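Engineer: I would like to see how this sequence folds:
(chains A and B)
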There are 2 protein chains.
Amino acid sequence: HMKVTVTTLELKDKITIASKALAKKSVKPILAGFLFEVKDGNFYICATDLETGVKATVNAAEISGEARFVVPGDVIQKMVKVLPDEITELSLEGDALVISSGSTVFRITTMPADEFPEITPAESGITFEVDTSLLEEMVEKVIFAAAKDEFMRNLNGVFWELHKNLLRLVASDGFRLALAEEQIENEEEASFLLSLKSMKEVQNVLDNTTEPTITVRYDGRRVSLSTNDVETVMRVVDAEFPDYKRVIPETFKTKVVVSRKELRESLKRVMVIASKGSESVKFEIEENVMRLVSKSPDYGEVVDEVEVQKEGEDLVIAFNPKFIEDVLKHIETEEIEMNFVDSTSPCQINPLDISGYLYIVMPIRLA
Amino acid sequence: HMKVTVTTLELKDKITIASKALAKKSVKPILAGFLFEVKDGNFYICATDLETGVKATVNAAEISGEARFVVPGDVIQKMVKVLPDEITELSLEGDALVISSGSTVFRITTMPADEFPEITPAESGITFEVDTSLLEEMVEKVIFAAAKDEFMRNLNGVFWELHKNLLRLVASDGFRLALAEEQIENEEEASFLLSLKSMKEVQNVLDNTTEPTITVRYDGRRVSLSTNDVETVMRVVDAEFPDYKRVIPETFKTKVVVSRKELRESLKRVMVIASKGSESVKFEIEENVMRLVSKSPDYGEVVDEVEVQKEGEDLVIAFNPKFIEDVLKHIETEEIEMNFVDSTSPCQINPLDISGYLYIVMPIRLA
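Structural biologist: Residues are numbered from 1 along each chain as shown, chains lettered A, B, ... in the order given. The structure is reproduced below:
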C-alpha cells in the first residue's frame, strides 16, 4: 500500500523545483534520482548531490500507505512535463511506480532508498527574509560571471555579503566580475560562498515559487533557503573568495556614455572578425566617438565607429568582446557607462544613473 | 579601379541566395568562397561546388571598373547580415575588398578567381513555369524524408516527375517516403533526381525571391532554376531513383482517423520511454481507440490510449516514433488518416480529405 492522488501541476512544480539538486549519472546513480517518501499522510520528494539537498513537501489530495524509494531523475522529469490530465495518481505495482494521468500510464522501475541520506536544515545562526523577485533579479544579474571550471573552487560560485539592512552578491571568473547590492531587512553581518551548482538550484527555486518572500539562514557551515513547502540546504564552499574590491577602481581617467543597443550592435559587427581568432576588440576612445577595431591575420579587419559622450582622457584599450557583450545582456537601461583608468587597468561598466549594479572586465594586451 | 554602390538589402539578399551553393572548407577552399565579378557595368556574385552553380546579378546603383576575385564565404555571409546602413560601398585597396556601410568598414582579403569556373545554364530541353510559393510548399512537404547519407546517392535527394500539367516530387530514405503532387502548366514528360545539397539551394532560392513564378529547364544532364536576377544550375544525379510505387499500398485493411495534435502529443508521451533505447512504439488498434506502447528494459513502460475513428481490422503494429512525428509536423490539417495492411506492411499517412500529399512509414519488427 502506497497511493497518492495529486494535481499534475503540483507534482510537476515540485519535481521541477528539486531537479537541479540531482547528482550526475556517475558517483551514486542513486543520487541522480529523486527520493519519493510517503509516511503518515505526508508525501516528500527529495534530491541531493551531497552538497545541495532539497526536501519538497507535495500538497496532495489523497495520501495513503508508506513507501521510501528512488526513481531515475531524467525520466521522471520528462514524464511529468507531459502528463495530460489535471490529476495524477501514483501507486506501486510490483517493484514499479505506476503514474496514471488521464489517457497515460507510466510504470517506472524504482531503486533502493537505503543509501539516500536524510536532508536536514541549517542550525540556528543568522537569518533574514527577502522579497523573492528581488533576490531572483540579483542572482540573475551576477551568476553569469562565475567561473564554470569546478576546479576553481573559490570562483565557481556566488559570494554573499550581508550587512545591516543590505545584501550584496558577487561573482567572478578572474577575467570579469559582476556585483549586485540591494537594501533588504537584515540584522547581522555575515558572508559565505555558495557553489555555482548550489546557486543554480537557488535560481530554480526562485523561478518556481509564487510566494512573495523567502527565508535564508546561515549557521557557519550551511545555508538553508526555505519557502512554505520547500527546504533547500547547501554546504558553504570551503574556500576564500578573492579580495575582489582590489579590482574595482576608485577613480576614472576616462568615462564613456554610450547606448547599450548601439554598443551591442557594434560588438556584433566586430565579432564577425574577432571570432575568427583574435578574440579581441581594441577601443580607440576619442572626444566624441569610439572606434572598435578587430583584425584577423588571414581573413581581414573591421573598424566600427560609434557616437559617445566622453569625459577625460583619450584612450586606446583592448578587451575580449564576448565579455563586454555578456555584461550588456544583463543591463536593463538604454544607456550605460564605461569607466577606464589605463590600457592595463580594469574597466567598470554600469547602468547610467542606477546604483546597486556594476561589472568589471579586465583588459587584454594590445597587439 | 572597381567601385560599387549598392543597397545593403540587395547585397544581403544576393549573398544569401548564393550561399547554399558554396563548397565546404575542404576540396577547393576557393569553392568555399563567392566569386565577385564586375565587368562592363554588371556586378555578379557566384557560388558553386561543381554540382550546383549560382550566378546572381546584383542590381547596384553605381558600378565602375573591372574585377574578378573570390572572397571567403563564411565571413562575407556574417558580414552582410550586420552592415548597419541602407547603402553599402565596395571597392579595392591593395589586395583587399573594402566594404563600407555607415559607421562600419570591413577589409576582407581576396583570393584568386582563375580557378573559379564559369557557371552556365542548362541547354534547350523541357521547360515550365511554376508559382514560386507552390513549389516552395511542395519542396518543404517532402525534403525531410530524403536520405542524409551522401553515400546513398539514389536517395540523397528529391525526385522530380513531370507529366502534362502535373509535377510530383518524391523523397525517401528507405525507411519512409514523402510525396507531393500538384497541377501546374507543363507540356512534356520528364523525370530526374536532384541531390539533397542541390535541393537545399532550390529551397534557399524560393525562400528568398519575391517573384510570383520561377522557370525550370531540364536538358537531360542539368536543370536550371531561374528567376529574374538569379540563375541556378544543377547537375542531375547519375543514379536511378527506386521504384517507390511498390511501397505505396493500393488497398487498406485498417484505417484510423485521428487528430494530428492528439497523436503528436501521444507520440511525445511515449518517447519519454522510447528515446531511452527501444526507439519503438507499438500501436494496438482496436475499434474505438488505439493504444501506444513503449518499453525500456531498465527504465520502465508507457501506455497511452487515444480516441480514434477506425474502419476495418484490429491491428498490432510497431514503428519508429520519430518517423511518425516527422510526418505530422509537415501536415497542416487538424485530422490525419493512417492506413494499414499488416504488421509487416508500410503504413500510409495522409491529411484527411486532401489529395496531393502522402507519406509512407515502414514498420519495425514486433518485440
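
Engineer: Tell me which residues touch residue A:233, please.
Structural biologist: Applying Cβ atoms under 8 Å, 6 or more residues apart in numbering or on different chains, we find residue A:233 in contact with A:52-54, A:119-122, A:222-225. Placement of C-beta: from N, CA and C, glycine included.

Engineer: how about 6 Å then?
Structural biologist: A:53, A:121-122, A:222, A:224 (Cβ atoms under 6 Å, 6 or more residues apart in numbering or on different chains).

Engineer: Next: residue A:53.
Structural biologist: A:119, A:233.

Engineer: Name whatever forms a beta bridge with it.
Structural biologist: Taking DSSP bridges as the rule, residue A:53 bridges to residue A:48, residue A:233.

Engineer: Please apply the same query to the one 4 residues further on.
Structural biologist: According to DSSP bridges, the residues that bridge with residue A:57 are residue A:44.

Engineer: Quick check: which element contains residue A:116?
Structural biologist: Using DSSP states H and E, residue A:116 sits within no helix or strand.

Engineer: before we move on, the earlier item: and of the contacts of residue A:233, the nearest to residue A:334?
Structural biologist: Of all the contacts of residue A:233, residue A:334 sits closest to residue A:224, with 39.0 Å by Cβ to Cβ.

Engineer: In what element of secondary structure is the closest one found?
Structural biologist: If you go by DSSP H and E, residue A:224 is part of strand A:222-226.

Engineer: List the strands paired with that strand, with their directions.
Structural biologist: strand A:213-218 (antiparallel), strand A:230-235 (antiparallel).

Engineer: Show me what counts as buried in the first one.
Structural biologist: Residues of strand A:213-218 classed as buried under the neighbour-count rule (16 or more other Cβ atoms under 10 Å in any protein chain shown) are A:213-214, A:216-218.

Engineer: can you dump the C-alpha coordinates of it into CSV?
Structural biologist: What follows is strand A:213-218, C-alpha atoms only, in CSV (Å, rounded to 0.1, in the frame of the first residue of the first chain):
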residue,chain,number,x,y,z
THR,A,213,9.3,36.4,0.2
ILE,A,214,11.7,33.6,1.1
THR,A,215,13.8,32.9,4.2
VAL,A,216,17.6,32.4,4.3
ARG,A,217,19.5,31.0,7.3
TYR,A,218,23.3,30.6,7.7
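
Engineer: quick check: domain ranges of chain A?
Structural biologist: A:1-120, A:121-248, A:249-367 (curated CATH domains).

Engineer: related to what we said a few turns ago, by neighbour count, which of the contacts of residue A:233 wins?
Structural biologist: Taking other Cβ atoms under 10 Å in any protein chain shown as the neighbour criterion, residue A:53 ranks highest of the contacts of residue A:233 with 25 neighbours.

Engineer: And that residue, how close does it get to residue B:204?
Structural biologist: Distance of residue A:53 to residue B:204, computed by Cβ to Cβ, to the nearest Å: 52 Å.

Engineer: contacting residues around the residue lying closest to residue A:332 once chain neighbours are set aside?
Structural biologist: Closest residue in space to residue A:332, ignoring its immediate chain neighbours: residue A:351 at 6.9 Å, by Cβ to Cβ, 6 or more residues apart in numbering or on different chains. Shown in contact with residue A:351 (Cβ under 6 Å, 6+ apart): A:331, A:333, A:336.

Engineer: The residues you listed, buried ones only, as a ChimeraX selection?
Structural biologist: In ChimeraX, this line selects whichever of the contacts of residue A:351 come out buried by 16+ other Cβ under 10 Å:
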select /A:331,336
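
Engineer: TSV please, covering the contacts of residue A:351 and showing distance to chain B.
Structural biologist: Formatted as TSV, these follow (distance: Cβ to the nearest Cβ, whole Å):
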residue	distance to chain B
A:331	21
A:333	22
A:336	18
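
Engineer: related to what we said a few turns ago, out of the buried residues of strand A:213-218, which one sits closest to chain B?
Structural biologist: residue A:214 (31.8 Å; Cβ to the nearest Cβ).

Engineer: can you give me the end-to-end distance of stretch A:280-293?
Structural biologist: By Cα to Cα, to the nearest Å, the extent of stretch A:280-293 from end to end equals 8 Å.

Engineer: List the buried residues for that stretch?
Structural biologist: Here stretch A:280-293 shows A:280-283, A:285, A:290-293 as buried, counting by 16+ other Cβ under 10 Å.

Engineer: Is chain B within reach of it?
Structural biologist: No - using Cβ under 6 Å from any Cβ of the partner chain, we find that stretch A:280-293 stays clear of chain B, coming within 9.0 Å at best.

Engineer: Give me the distance from that stretch to the chain's centre.
Structural biologist: 33 Å (Cα atoms, centre = their mean, to the nearest Å).

Engineer: Residue A:109 bridge partners, please.
Structural biologist: Residues in a beta bridge with residue A:109, per DSSP bridges, are residue A:96.

Engineer: Next one: it from residue A:93, what distance?
Structural biologist: 11 Å.

Engineer: More neighbours: those two, which one.
Structural biologist: Using other Cβ under 10 Å, the more surrounded residue of residue A:109 and residue A:93 is residue A:109, with 18 against 9.

Engineer: Distance check, that one against residue A:304.
Structural biologist: For residue A:109 relative to residue A:304 (Cβ to Cβ), the value is 58 Å.

Engineer: contacting residues for the closest residue to chain B within the stretch 151-300 of chain A?
Structural biologist: Residue of the stretch 151-300 of chain A nearest chain B, by Cβ to the nearest Cβ: residue A:300 (4.1 Å). The contact partners of residue A:300, by Cβ under 6 Å, 6+ apart, come to B:107-109.

Engineer: Just the CA trace of the host helix or strand of residue A:197, in PDB.
Structural biologist: Per DSSP H and E, residue A:197 falls inside helix A:196-207. Only the C-alpha atoms of helix A:196-207 are listed here, as PDB (Å, rounded to 0.1, in the frame of the first residue of the first chain):
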ATOM      1  CA  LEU A 196      27.700  27.500  -8.800                       C
ATOM      2  CA  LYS A 197      25.700  24.300  -8.700                       C
ATOM      3  CA  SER A 198      24.100  25.400  -5.400                       C
ATOM      4  CA  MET A 199      23.200  28.700  -7.000                       C
ATOM      5  CA  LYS A 200      21.500  27.200 -10.000                       C
ATOM      6  CA  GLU A 201      19.300  25.400  -7.600                       C
ATOM      7  CA  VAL A 202      18.700  28.700  -5.800                       C
ATOM      8  CA  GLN A 203      17.600  30.200  -9.100                       C
ATOM      9  CA  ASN A 204      15.500  27.200  -9.900                       C
ATOM     10  CA  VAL A 205      13.700  27.600  -6.500                       C
ATOM     11  CA  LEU A 206      13.100  31.300  -7.100                       C
ATOM     12  CA  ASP A 207      11.900  30.900 -10.600                       C
END
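
Engineer: and that helix, what other elements does it pack with?
Structural biologist: helix A:132-142 (3 or more Cβ pairs under 6 Å, 6 or more residues apart in numbering or on different chains; DSSP states H and E).
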